[PDB]
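Asks: Here it is: the structure, laid out below.
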Amino acid sequence: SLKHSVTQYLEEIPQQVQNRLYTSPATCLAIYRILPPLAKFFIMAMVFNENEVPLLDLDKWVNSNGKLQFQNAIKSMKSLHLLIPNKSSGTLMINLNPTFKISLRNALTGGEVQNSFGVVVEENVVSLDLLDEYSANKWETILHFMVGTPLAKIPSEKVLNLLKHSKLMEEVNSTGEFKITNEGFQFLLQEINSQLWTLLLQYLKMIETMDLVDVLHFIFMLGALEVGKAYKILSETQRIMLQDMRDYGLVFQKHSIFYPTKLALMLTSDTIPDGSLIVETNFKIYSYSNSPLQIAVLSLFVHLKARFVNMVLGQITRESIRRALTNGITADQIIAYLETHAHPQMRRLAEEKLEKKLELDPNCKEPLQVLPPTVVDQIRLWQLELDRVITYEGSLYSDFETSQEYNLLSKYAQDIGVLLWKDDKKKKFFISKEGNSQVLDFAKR
Amino acid sequence: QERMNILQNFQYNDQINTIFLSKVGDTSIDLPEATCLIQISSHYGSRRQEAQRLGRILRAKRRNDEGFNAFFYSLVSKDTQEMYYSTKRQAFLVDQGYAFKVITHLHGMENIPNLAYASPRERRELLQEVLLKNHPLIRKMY
Ligand SMILES: [Mg+2]
Numbered sequence: 005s006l007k008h009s010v011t012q013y014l015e016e017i018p019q020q021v022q023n024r025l026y027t028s029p030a031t032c033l034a035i036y037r038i039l040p041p042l043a044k045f046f047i048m049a050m051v052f053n054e055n056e057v058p059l060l061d062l063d064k065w066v067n068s069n070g071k072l073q074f075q076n077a078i079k080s081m082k083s084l085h086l087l088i089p090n091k092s093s094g095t096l097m098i099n100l101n102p103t104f105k106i107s108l109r110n111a112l113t114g115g116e117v118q119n120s121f122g123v124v125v126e127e128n129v130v131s132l133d134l135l136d137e138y139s140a141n142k143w144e145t146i147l148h149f150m151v152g153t154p155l156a157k158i159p160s161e162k163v164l165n166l167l168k169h170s171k172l173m174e175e176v177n178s179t180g181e182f183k184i185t186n187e188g189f190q191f192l193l194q195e196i197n198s199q200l201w202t203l204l205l206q207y208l209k210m211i212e213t216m217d218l219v220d221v222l223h224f225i226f227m228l229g230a231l232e233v234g235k236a237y238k239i242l243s244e245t246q247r248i249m250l251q252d253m254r255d256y257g258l259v260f261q262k263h267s268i269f270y271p272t273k274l275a276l277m278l279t280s281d282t334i335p336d337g338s339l340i341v342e343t344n345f346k347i348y349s350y351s352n353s354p355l356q357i358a359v360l361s362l363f364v365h366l367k368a369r370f371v372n373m374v375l376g377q378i379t380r381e382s383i384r385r386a387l388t389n390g391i392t393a394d395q396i397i398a399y400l401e402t403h404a405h406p407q408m409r410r411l412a413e414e415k416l417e418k419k420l421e422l423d424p425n426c427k428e429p430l431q432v433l434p435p436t437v438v439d440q441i442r443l444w445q446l447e448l449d450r451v452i453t454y455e456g457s458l459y460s461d462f463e464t465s466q467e468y469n470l471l472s473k474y475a476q477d478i479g480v481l482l483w484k485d486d487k488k489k490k491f492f493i494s495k496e497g498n499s500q501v502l503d504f505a506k507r
Numbered sequence: 634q635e636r637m638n639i640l641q642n643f644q645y646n647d648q649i650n651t652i653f654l655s656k657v658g659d660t661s662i663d664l665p666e667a668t669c670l671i672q673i674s675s676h677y678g679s680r681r682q683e684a685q686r687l688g689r690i691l692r693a694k695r696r697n698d699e700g701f702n703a704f705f706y707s708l709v710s711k712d713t714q715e716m717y718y719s720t721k722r723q724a725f726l727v728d729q730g731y732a733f734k735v736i737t738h739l740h741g742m743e744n745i746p747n748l749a750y751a752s753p754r755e756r757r758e759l760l761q762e763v764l765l766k767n830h831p832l833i834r835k836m837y
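Protein chains in written order, with the deposited numbering: chain 2, 5 to 213, 216 to 239, 242 to 263, 267 to 282, 334 to 507; chain 7, 634 to 767, 830 to 837.
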């Protein structure tokens, strides 16, 4: 949902503001890449020709097989307002946005760009030693704070304010601590690309009054910049944002020239294993990983017991699982992490198990379960234990003069979906606290 | 004598396909024809008795035919001390490598024609029945 999340945000932008967003070719080049392959084909056709083409001509290009894709492509292209539908002379003519059309032409033809891509000072620096370590550590520092593991340096208030204000990393002053949420665990599960977009996407929504267009001109322009290069100094709002981006480990500053980082290019497109582990029937964990990230995430729902240089060994316990569940982590997410981070040895034996299962009876195709079924059931069973006691808040209605009134009030609650329990024999029912006021008002009327 | 006749009949007589063993048959009795195993009661937390009982079906006749899988069912009452004893008396088999499958629901159990104690009357009757459980010449005279 990488492009979908970014595309969804662009749709809510007003058309008047969308036009301003297309002025800079740098943004246009990225917005052109995010569209589906078929959509990109048509855009490249219309950009260089100064004419209007009927939609029927576009349909002729697509084969009958790809008709469904032509509907998603046109719908997505029309949603962004990049494709302007003009109807005249009884024909629904189709044209591209002039600003987007002009912006794309300038970049591709090498025309004036208004420094959308920046400038070069030729003061290259070493990236692996400093840039990789700095951003990796800076991106790791926020993760250690997110995971809750102790670490001396804490992230700046700018990002910290964003985290609390965002659904990520729910906090309470009375508790005085920060804990991960259901979406927080999902955030940790997402790849680095999406893991960076989520925080940025939250940042886009957090910012208020720094112009909305200026923020996009900077973030998209950041991907265009190439790591290990210098760029002179930029908008006034971008200056404070540039410092703000420095807190996210995206841009490195020596203290006139700013240097992008590996994460900057990773934002545009994508790009034994570390983190792979073995799960036994004894609820033991043996991770063939040497990295704080894999160790830190495993400790969320695993009671670590010992570690080696190359691997880390631990044992799953009810207490550790209960601690993880208390934080809002669903068992489905836990198994997904284990399944998607399974050791090749488990996969090979699991494939053999599927082959053996199909070899004996090839009629049925049982699911490929890497880890023994008992672990999944017990983990799910532990989840059921937490959900054993179910309690609601509300009011109980009784002492009804007539059955008709009891049925009327009870039926009304059911219609509005606030009824939790009823009994015709006792003429009593219970409604949620949320619907209490609505039921009372109906009772009076 | 009686048990030997019972064992031979179960072994060779097709009419007797199931039996009801007890602590006496918990170990050292060979039943090469046994394939399925069930246990109702248990001697608290002993993990050894669990392994010995399983051994009755581990020596089944057809242990090499394709896709052969013996069955071991362990009926236990939920929300009782049995869970304490069940997880405590089955910690040795897990170490060996055996894995128990949790059966929360048995498919097709409701469609069976008749089931014991299906009505409340029988349950009440059983409840009370189980609850109530707790001069040499003078020798002729004599
Ligand atoms: Mg012996």
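All residues carry an ideal CB built from backbone N, CA and C; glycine is no exception.
Quick one: which residues of the segment 730-756 of chain 7 get their C-beta closer than 9 Å to a C-beta of chain 2? List them in chain order.
Replies: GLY730, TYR731, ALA732, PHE733, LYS734, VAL735 and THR737
Asks: I need the straight-line Cα distance from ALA236 (chain 2) to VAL130 (chain 2), nearest angstrom please.
Replies: Along the first sequence, one-based indexing puts residue 236 (chain 2) at 230. Along the first sequence, one-based indexing puts residue 130 (chain 2) at 126. Cα to Cα, the separation comes out at about 12 Å.
Asks: Output yes if chain 7 places a C-beta closer than 9 Å to the C-beta of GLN407 (chain 2); else output no.
Replies: For this step, residue 407 (chain 2) is matched to residue 345 along the first sequence. Chain 7, which has no Cβ nearer than 9 Å to the Cβ of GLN407 (chain 2), makes this no.
Asks: On a Cα-Cα basis, can you pick out the residue from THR185 (chain 2), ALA505 (chain 2) and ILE268 (chain 2) that is closest to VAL123 (chain 2)?
Replies: Counted from its first residue, the first sequence places residue 123 (chain 2) at position 119. Per the Cα distances, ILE268 (chain 2).
Asks: Give a yes or no on whether the C-beta atoms belonging to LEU670 (chain 7) and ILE690 (chain 7) are separated by under 9 Å.
Replies: Working through the second sequence from its first residue, we reach residue 670 (chain 7) at position 37. Working through the second sequence from its first residue, we reach residue 690 (chain 7) at position 57. In this structure, the beta-carbon distance from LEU670 (chain 7) to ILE690 (chain 7) falls below 9 Å.
Asks: Is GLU683 (chain 7) close to chain 2, meaning its C-beta is less than 9 Å from at least one C-beta of that chain?
Replies: On the second sequence, position 50 is the one that residue 683 (chain 7) refers to. Answer no: the Cβ-Cβ gap between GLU683 (chain 7) and chain 2 never drops below 9 Å.
Asks: For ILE452 (chain 2), is the classification buried or exposed, using 16 other Cβ atoms within 10 angstroms of its Cβ as the cut-off for buried?
Replies: Within the first sequence, the letter at position 390 stands for residue 452 (chain 2). Exposed is the call here.
Asks: Can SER710 (chain 7) be considered in contact with ligand 1, in the sense that its beta carbon sits closer than 8 Å to one or more heavy atoms?
Replies: Looking up residue 710 (chain 7) in the second sequence gives position 77. For ligand 1, not one heavy atom lies less than 8 Å from the Cβ of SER710 (chain 7).
Asks: Which residues in the same chain have their Cβ closer than 6 Å to the Cβ of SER28 (chain 2), if we skip the five residues on either side of it in sequence?
Replies: The sequence position of residue 28 (chain 2) within the first sequence is 24, counting from 1. Excluding residues within five positions, the ones whose Cβ falls inside 6 Å are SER120 and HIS223.
Asks: Since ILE35 (chain 2) is in the beta strand (DSSP E), which residue starts that stretch and which ends it?
Replies: For this step, residue 35 (chain 2) is matched to residue 31 along the first sequence. Note, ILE35 (chain 2): premise wrong, no beta strand (DSSP E); alpha helix (DSSP H) at 29-37.
Asks: In the DSSP assignment, find the unbroken beta strand (DSSP E) run with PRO102 (chain 2) in it and report its ends.
Replies: Counting from 1 along the first sequence, the entry for residue 102 (chain 2) is found at position 98. Taken as a continuous stretch (DSSP letters only), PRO102 (chain 2) belongs to no beta strand (DSSP E), being part of the alpha helix (DSSP H) at 102-112.
Asks: Would you please verify whether the beta carbon of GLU699 (chain 7) is less than 9 Å from any beta carbon of chain 2?
Replies: For the purposes of this step, residue 699 (chain 7) is taken as residue 66 along the second sequence, with counting starting at 1. So yes, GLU699 (chain 7) belongs to the interface.
Asks: Are any of the Cβ atoms in chain 2 nearer than 9 Å to that of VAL727 (chain 7)?
Replies: As a working note, residue 727 (chain 7) is residue 94 in the second sequence. So, interface residue.
Asks: Using a Cβ-Cβ cutoff of less than 8 Å, which residues in the same chain neighbour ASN76 (chain 2) once the five nearest sequence positions on both sides are dropped?
Replies: Within the first sequence, the letter at position 72 stands for residue 76 (chain 2). Closer than 8 Å at Cβ, skipping near neighbours: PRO40.
Asks: Check whether the Cβ of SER338 (chain 2) lies closer than 8 Å to any heavy atom of ligand 1, and answer yes or no.
Replies: Position 276 of the first sequence, counted from the start, is the residue given in the question as residue 338 (chain 2). No, Cβ of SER338 (chain 2) sits at least 8 Å from all heavy atoms of ligand 1.
Asks: Hey, which unbroken runs of the alpha helix (DSSP H) at 4 residues or more fall wholly within the segment 137-162 of chain 2?
Replies: Annotation: the segment 137-162 of chain 2 contains the following complete segments of the alpha helix (DSSP H) (minimum length 4 residues), in chain order: 137-151.
Asks: Does the pairing of the segment 60-72 of chain 2 with the segment 16-31 of chain 2 give three or more beta-carbon distances under 8 Å?
Replies: no
Asks: Report yes if the C-beta distance between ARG680 (chain 7) and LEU708 (chain 7) is below 9 Å; otherwise report no.
Replies: Along the second sequence, one-based indexing puts residue 680 (chain 7) at 47. Along the second sequence, one-based indexing puts residue 708 (chain 7) at 75. No, the pair does not count as a contact, with Cβ atoms beyond the cut-off.
Asks: For a cutoff of 9 Å on Cβ pairs, would you count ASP439 (chain 2) as touching chain 7?
Replies: Start at 1 with the first residue of the first sequence, and residue 439 (chain 2) comes out as number 377. Closer than 9 Å to some Cβ of chain 7, the Cβ of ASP439 (chain 2) qualifies, so yes.
Asks: Quick check: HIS676 (chain 7) and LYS656 (chain 7), are their CB atoms within less than 9 Å of each other?
Replies: For the purposes of this step, residue 676 (chain 7) is identified with residue 43 of the second sequence, where counting begins at 1. For the purposes of this step, residue 656 (chain 7) is identified with residue 23 of the second sequence, where counting begins at 1. A contact, by the Cβ cut-off of 9 Å.
Asks: Mind checking if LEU420 (chain 2) is an interface residue toward chain 7, Cβ cutoff 9 Å exclusive?
Replies: For the purposes of this step, residue 420 (chain 2) is taken as the residue at position 358 of the first sequence. No, because no Cβ of chain 7 sits closer than 9 Å to the Cβ of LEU420 (chain 2).
Asks: Can you tell which of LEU274 (chain 2), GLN476 (chain 2), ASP255 (chain 2) and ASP336 (chain 2) has its C-alpha closest to the C-alpha of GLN199 (chain 2)?
Replies: Numbered from 1 along the first sequence, position 195 holds the residue referred to as residue 199 (chain 2). Cα-wise, what sits closest to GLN199 (chain 2) is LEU274 (chain 2).
Asks: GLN75 (chain 2) by DSSP, collapsed to three states: which one?
Replies: Residue mapping note: residue 75 (chain 2) aligns to position 71 of the first sequence, counting from 1. Of the three classes helix, strand and coil, the one that applies to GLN75 (chain 2) here is helix, per DSSP.
Asks: Measure the C-alpha to C-alpha separation of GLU421 (chain 2) and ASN697 (chain 7) and round it to an integer number of angstroms.
Replies: One-based indexing of the first sequence puts residue 421 (chain 2) at position 359. One-based indexing of the second sequence puts residue 697 (chain 7) at position 64. Whole-angstrom Cα-Cα distance: 16 Å.
Asks: Just to confirm my understanding: we take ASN110 (chain 2), look at its own chain, exclude 5 residues before and 5 after, and list those with CB closer than 7 Å. What are they?
Replies: Within the first sequence, the letter at position 106 stands for residue 110 (chain 2). So the qualifying residues of the chain are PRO29, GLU116 and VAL117.
Asks: Hey, would you say the C-beta of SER661 (chain 7) is under 8 Å away from at least one heavy atom of ligand 1?
Replies: For the purposes of this step, residue 661 (chain 7) is taken as the residue at position 28 of the second sequence. Placement of the Cβ of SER661 (chain 7) at a distance of less than 8 Å from at least one heavy atom of ligand 1 is found.
Asks: Examine the Cβ distances between the segment 434-446 of chain 2 and the segment 472-486 of chain 2 and report whether three or more of them are shorter than 8 Å.
Replies: no
Asks: Under the three-state reduction of DSSP, which class applies to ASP394 (chain 2): helix, strand or coil?
Replies: As a first step, residue 394 (chain 2) is located in the first sequence; it is residue number 332 there, counting from the start. Residue state, collapsed to three classes: helix.
Asks: May I have the straight-line CA-CA distance separating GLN634 (chain 7) from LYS419 (chain 2), to the nearest angstrom?
Replies: Counted from its first residue, the second sequence places residue 634 (chain 7) at position 1. Counted from its first residue, the first sequence places residue 419 (chain 2) at position 357. Straight-line Cα distance between these residues: approximately 46 Å.
Asks: Please classify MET742 (chain 7) as buried or exposed, where buried requires at least 16 other C-beta atoms within 10 Å of its C-beta.
Replies: Position 109 of the second sequence, counted from the start, is the residue given in the question as residue 742 (chain 7). Counting Cβ neighbours within 10 Å, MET742 (chain 7) comes out exposed, since fewer than 16 surround it.
Asks: Please list the partners that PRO435 (chain 2) has in chain 7, where partner means a Cβ-to-Cβ separation under 8 Å.
Replies: For the purposes of this step, residue 435 (chain 2) is taken as the residue at position 373 of the first sequence. The contacting residues are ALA732 and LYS734.
Asks: Whose C-alpha, out of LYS262 (chain 2), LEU112 (chain 2), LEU411 (chain 2) and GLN466 (chain 2), is nearest the C-alpha of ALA505 (chain 2)?
Replies: For the purposes of this step, residue 505 (chain 2) is taken as the residue at position 443 of the first sequence. Among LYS262 (chain 2), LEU112 (chain 2), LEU411 (chain 2) and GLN466 (chain 2), the Cα nearest to that of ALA505 (chain 2) is on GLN466 (chain 2).
Asks: Are any of the Cβ atoms in chain 7 nearer than 9 Å to that of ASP423 (chain 2)?
Replies: Here residue 423 (chain 2) refers to the residue found at position 361 when the first sequence is read from its first residue. With a threshold of 9 Å between beta carbons, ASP423 (chain 2) makes contact with chain 7.
Asks: Buried or exposed: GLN356 (chain 2), going by 16 or more other Cβ atoms within 10 Å of its Cβ?
Replies: The residue you call residue 356 (chain 2) lines up with position 294 of the first sequence. Looking at its Cβ environment, which holds 16 or more other Cβ atoms inside 10 Å, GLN356 (chain 2) is buried.
Asks: Taking just the CA atoms, how far does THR379 (chain 2) sit from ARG385 (chain 2)?
Replies: The residue you call residue 385 (chain 2) lines up with position 323 of the first sequence. The residue you call residue 379 (chain 2) lines up with position 317 of the first sequence. Approximately 10 Å between the Cα atoms of the pair.
Asks: Taking the beta strand (DSSP E) that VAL341 (chain 2) belongs to, which residues open and close that run?
Replies: As a position in the first sequence, residue 341 (chain 2) is number 279, starting the count at 1. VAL341 (chain 2) -> beta strand (DSSP E) spans 339-341.
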